[PDB]
Amino acid sequence: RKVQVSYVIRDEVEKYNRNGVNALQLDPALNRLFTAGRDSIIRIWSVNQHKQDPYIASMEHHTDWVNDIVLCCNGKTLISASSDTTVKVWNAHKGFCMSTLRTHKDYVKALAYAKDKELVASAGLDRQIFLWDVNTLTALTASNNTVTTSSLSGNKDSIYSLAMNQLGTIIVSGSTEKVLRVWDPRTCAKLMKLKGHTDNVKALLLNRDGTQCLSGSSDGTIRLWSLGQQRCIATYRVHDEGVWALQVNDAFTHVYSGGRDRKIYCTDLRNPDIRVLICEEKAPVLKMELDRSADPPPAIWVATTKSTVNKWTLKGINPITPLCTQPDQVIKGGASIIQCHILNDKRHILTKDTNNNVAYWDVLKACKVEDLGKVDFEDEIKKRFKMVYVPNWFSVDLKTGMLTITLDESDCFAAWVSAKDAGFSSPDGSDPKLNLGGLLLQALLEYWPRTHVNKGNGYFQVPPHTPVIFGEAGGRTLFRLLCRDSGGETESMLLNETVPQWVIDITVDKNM
Amino acid sequence: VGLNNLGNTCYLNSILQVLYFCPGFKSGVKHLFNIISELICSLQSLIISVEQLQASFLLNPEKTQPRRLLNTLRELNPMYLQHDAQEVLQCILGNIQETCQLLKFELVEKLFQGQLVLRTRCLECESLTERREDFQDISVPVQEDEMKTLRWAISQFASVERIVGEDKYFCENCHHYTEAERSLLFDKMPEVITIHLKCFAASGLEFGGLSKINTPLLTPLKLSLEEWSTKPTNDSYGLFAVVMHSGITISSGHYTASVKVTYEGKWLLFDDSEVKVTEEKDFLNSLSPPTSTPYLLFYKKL
Ligand SMILES: [Zn+2]
């Protein structure tokens, strides 16, 4: 119920992923690849081996990990699932979010899609499975008439995976309950309970007519199920650790698997002993998406915990020797910020990233100050130490891989400093007392007309592109905009509805 | 056989005479009595006195005192006029370990003390972090907060905690709040598994004061900790000794031991100086109510 203000220190365009990639979708009509980043950004890439810069666009709106994505309606519509508990509906051609569904109450982990019904389903750690008519979701404007809801029950524990068949007659969920639960999505009737796995099931696939199922599990096995017999008809133990990602060819005869053991295999379902090691990746495999240009698929795209996305070619159909040693295409990634130190001035931050690079940042001005290269991180902290005390007034989080700064009413205003010791200069040159959190709040909302008294805070600005996020403590994001956009009529209306009274006190009423 | 009561020293008689029937204890303290050439000398002084009086009775019957141990213990730690058998067992085993470490057979650590694992497993990356503790006995509850089983009771100790909801475990590897399983596991085992039953209680605003629980657990004879082991082993343990208390307090009461020889396959119920014998069938059917209920259970690697 308690509202926090946060903002992200970043460039206007983050062309490359700043974290691992959770999910992948390939548009065959436009040769476009969608990546679902742990950095909360969805990006569209061109897969033409022509272009040197495959980047097309980033689609920004999520606040936390985007766990699954589904391209619908011949690439017209994208649906996304995030750890911020929301499902979002995107226009995939122009790349902006049109609606946000908020029926989930925990991390949304998996999406499922029935192409022949334009039906999608969502499932997450809250043990809920919601069914959504895609055409009903896109039909929203002014008075939407809302959407009537439908959910599936029976899941006794947190859900980690979910699949539907193409016809939309079978839905299966995978979870930490170690059983796969199956329903008919048309009737919400329970069909069967499939027992056999001894651990979480993070990967599920169904054949076109929903008669067979492949499951991949953290127990290291792949299992094939007959839904007509309600039993397991084959078990495959080709990995050393948990299996996290599965693909299957159009003929449902070769299964592609990947997971914690970094190895990616192609196994023939009819003859298990014939299996091919496609490659060994550099990080745990999270998801794979076959390229289906041609019947025997030419390549497989692979998402890992690293920020790079590799396409591996299959032009050449037990094994020690990997089929491939270098990726066929490479989408470059960026570094994640993995370590953060607040300096004694409670104003600057030292970071270390995945490249072991060290940087110096200005929290007050929301920007980087200098890159320090590969210096020793702890020696750099002690080198800039100053024996001064300033009360804590913000918090930083690295969940997206970028610097996100959060302000809370409890300590946002705790740090008074003098203009001179803060590196500022004022018009009267008096050097009175400045409250860091109060000045920052005014810079973040500098473009909000309601705060304009003839405007800003009078000492510094933040970059206009800084994202400003208003969320509830523990979960629910309320409203996210860019700093420069506050003057809009939609943004100003939504701000009046979302800005908590403890911010209004300082930024509008000018109390302090 | 037969330990002279010294005036509310049944706590010491019961624990010592269970120690006397421990697989490695006899040979161990003799090994340490020859290493030295002063608790280990007092231990051997009693064992020799016990073994010699058994031989005197063995030849021609007619109609031993642990006083040697008590005077040494009182100089070692002057807690002593009636105490808990569990506290005195620690002081004995602890000091034998303290001397063993100062001399350098690793007696106490090998056959009383085991290794404990505090395992947390992030469900998003499946990266296992563990914390190591040592333990010489399993503190086990009888009742919850009817006749519960011992598997239930050990499950209460070696619990698994699923971390889901508003409080999630922050994984440093994932750099993000995640679901996690946090479990308790046994790694390295001792030759004798001690089970310490928390069979005592207290109430509020009447009577009195403390209270004992007169409804013991369902004690099995076979015991395997494969279900809680770090890596499933086929080691099986067998019940061989049980210390029992009669009374409604922890400070004072009658302590009695019931040890099995491993008369092969029987029950040698002995109290203070008053020694008896019982059968297998009419002893396990005797614990459920009733002058006393069990307090300590000792299983050994069979
Ligand atoms: Zn983790």
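What counts, and at which threshold
- Residues numbered from 1 in each chain as written, not as in the entry; some residues may be left out.
- Chains lettered and ligands numbered in written order.
- Heavy atoms only, no water.
- Buried < 20%, exposed > 50% of the residue type's maximum accessible area, 1.4 Å probe, protein only.
- Helix = DSSP H or I, 4+ residues; strand = E, 2+ residues; numbered from the N terminus.
- Arc of directions from axis to C-beta.
- Donors = N, O, S within 2.8 Å, 3.2 Å for Na, K, Ca; no water.
- Tetrahedral: all angles 85-135°; square planar, octahedral: opposite > 155°, others 65-115°.
- Contact = heavy atoms within 4.5 Å.
- Buried area = accessible area lost by both parts, 1.4 Å probe.
- Salt bridge = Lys/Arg side-chain N within 4 Å of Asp/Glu carboxyl O.
- Nonpolar A, V, L, I, M, F, W, Y, C, P; charged D, E, K, R; others polar.
- Expected span 1.5 Å × (residues − 1).
- Polar contact = N/O pair within 3.5 Å; in protein donor to acceptor, adjacent residues only side chain to side chain.
- Domains from an automatic or database assignment.

This entry, as listed in the PDB, derives from X-ray crystallography and reports a resolution of 3.6000 Å.

Draft legend 1. Spatial organisation of unusual backbone geometry. We note that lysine 178 of chain A has phi near 75°; this positive angle belongs to a residue other than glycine. Overall, the relative accessible area of 41% leaves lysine 178 of chain A in the partly exposed class. A positive phi angle, near 65°, is found at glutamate 126 of chain B, a position not held by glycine. Structurally, the position occupied by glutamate 126 of chain B is in the loop between strand 1 (114-122) and strand 2 (128-135).

Draft legend 2. Geometry of helix 4 (residues 489-498) of chain A. Residue and element names in this part refer to chain A. Within helix 4, burial applies to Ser492, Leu495 and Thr498. Looking down the long axis of helix 4, one finds its buried residues gathered within 135° of arc, a one-sided arrangement. Exposed positions of helix 4 whose direction lies more than 90 degrees from the buried face are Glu489, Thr490 and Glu497.

Draft legend 3. Local environment of the coordination of the zinc ion. All names here are of chain B. In this structure, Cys122 (SG), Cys125 (SG), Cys171 (SG) and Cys174 (SG) serve as the protein donors to the zinc ion, at separations of 2.3 Å. Classification of the site at the zinc ion as tetrahedral follows from its four donor atoms and the range of 101 to 119° in their angles at the metal. The exposure classification of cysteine 171 matches that of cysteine 174, with both residues buried.

Draft legend 4. Structural detail: the interface of chain A and chain B. Residue-level contacts link 21 residues of chain A with 15 residues of chain B. Three residues stand out in chain A for area buried against chain B, namely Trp65, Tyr107 and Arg260 of chain A, and they jointly supply 29% of the buried area on that side. At the boundary of chain A with chain B, the tally comes to four salt bridges. Across the pair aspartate 199 of chain A and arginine 121 of chain B runs a salt bridge, and its minimum N-O distance is 3.5 Å. Residue composition of the side of chain A that touches chain B, grouped by class: seven nonpolar, six polar and eight charged.

Draft legend 5. Seen up close, helix 5 (residues 85-103) of chain B. Residues and elements named next belong to chain B. With 19 residues, helix 5 extends 27 Å from end C-alpha to end C-alpha; this agrees with the ideal 27 Å at 1.5 Å per step. Within the sequence span of helix 5, burial applies to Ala85, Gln86, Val88, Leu89, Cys91, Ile92, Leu93, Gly94, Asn95, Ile96 and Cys100. In this structure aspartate 84 caps helix 5, since a side-chain oxygen of it lies 2.5 Å from the backbone nitrogen of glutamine 86.

Draft legend 6. Looking closely at the domain arrangement of chain A. Residues and elements named next belong to chain A. As assigned here, chain A comprises domain 1 (17-331) and domain 2 (337-507). Placing a centre on the C-alpha atoms of domain 1 and another on those of domain 2 gives a separation of 37 Å. Facing the 14 residues of domain 1 at the interface are eight residues of domain 2. In this assembly, domain 1 packs against domain 2 so that about 1,000 Å² is buried in total across both faces, 46% of it on carbon and sulfur atoms. Looking at the side of domain 1 facing domain 2, the largest losses of area belong to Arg18, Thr63 and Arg102, adding up to 43% of the total buried there. Residues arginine 480 and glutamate 60 are paired through a salt bridge, measuring 3.8 Å at the closest nitrogen-oxygen approach. Put simply, domain 1 and domain 2 have four residue pairs in polar contact between them. Of the residues in the side of domain 1 that touches domain 2, the class split is one nonpolar, six polar and seven charged.

Draft legend 7. Broad picture of the environment of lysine 117 of chain A. Residues and elements named next belong to chain A. Within the secondary structure, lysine 117 is located in the loop between strand 10 (108-114) and strand 11 (119-124). Since its relative accessible area comes to 38%, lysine 117 is described here as partly exposed. Linking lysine 117 and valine 134, residues 17 residues apart in sequence, is a C-alpha distance of 8.6 Å. When near neighbours in sequence (up to four residues on either side) are disregarded, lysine 117 contacts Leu167, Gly168 and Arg186.

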